[PDB]
């Protein structure tokens, strides 16, 4: 006699999922909710490439440490990348003031142009712009210095009051860095700048700081018992910046006219940089997902899945596989 039975699917599948009531339940079909694969590459975030410093850090890079000139500086970037051997920084020892804030502010720019605010040949007719070099910042075997700064020293036996202004006619803000030098001894002070007891003064519409050299022996670093502190400010469009000095000023040469973007970050890894787009970047590599969770890395840049500690988040679509 004739029959008609009611029933359900079963198959090949060995996909398991977990439920509140039961673990390791085998199901016909299932879909994964956790991204755990990355491409092993540092890619272009929202279509724009990162700045790759390689041999240097940001300090070395914006100051123009001699080892960083083989880099080429783009005119925009989405995030910055240093490597674990990015050890070329401030070759002359000292304090880089508000450095961490500086790195955050440069982390993304939409426009970046280096330019000679105070041209070497023309700006310093009463001081010596050619000496002012050190074994701490060696170039081609010979004593050198930062590219974007000049260490002004006395001419003959004379350091007359120095006075120099720059008006920002660039229509974007311009980042200006300078440095101040603290000699080891009064003999060194006088060797370089003639007058002991000097001052440096720097000012904009919103900034004003006076600096006095602090002459003493520090512990030797890269053979220096002296020290050099590096400072920086951002001159707004239309504003000007003015320098005044009776010695000890490491004056700017290059500056940078920039347009900041918006909180990006700096990634430190040896993962290689590639041509690829992504919307989510980790130091291990990039993530290409629409899935809401990931377990690759907690420190991401972009529109990222939420980092979780899970190893498996598998969602049943089909039904219990019973044969």
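Positions refer to the first chain, counted from 1.
TODO: Would you tell me which stretch averages the higher CA B-factor in the PDB entry, 67 to 75 or 110 to 118?
DONE: Higher mean C-alpha B-factor: 67 to 75.
Task: Residue range whose averaged C-alpha B-factor is higher in the record, 83 to 91 or 246 to 254 - done: Per the PDB record, 83 to 91.
Open item on the list: Looking at 204, 168, 195, 148, which one carries the largest C-alpha B-factor according to the PDB entry?
Closed with: Spelled out: the listed residue with the top C-alpha B-factor is 195.
Task: Deposited CA B-factor, highest of 130, 233, 208, 123 - done: Largest recorded C-alpha B-factor: 130.
Open item on the list: Splitting the chain's C-alpha B-factors into thirds, which one does residue 173 fall into?
Closed with: Residue 173: CA B-factor falls in the lowest third of its chain.
Open item on the list: Among the modelled residues of this chain, does the Cα B factor of residue 238 put it in the lowest, middle or highest third?
Closed with: Lowest third.
Task: Where the record places residue 156 (Cα B-factor, split into thirds across the chain) - done: Residue 156: CA B-factor falls in the highest third of its chain.
Task: Lowest, middle or highest third - CA B-factor, residue 217 - done: Answer is middle: the recorded C-alpha B-factor places it there.
- [ ] Name the third of the chain's ranked CA B-factors that contains residue 30, choosing lowest, middle or highest.
- [x] Its C-alpha B-factor belongs to the highest third of this chain's values.
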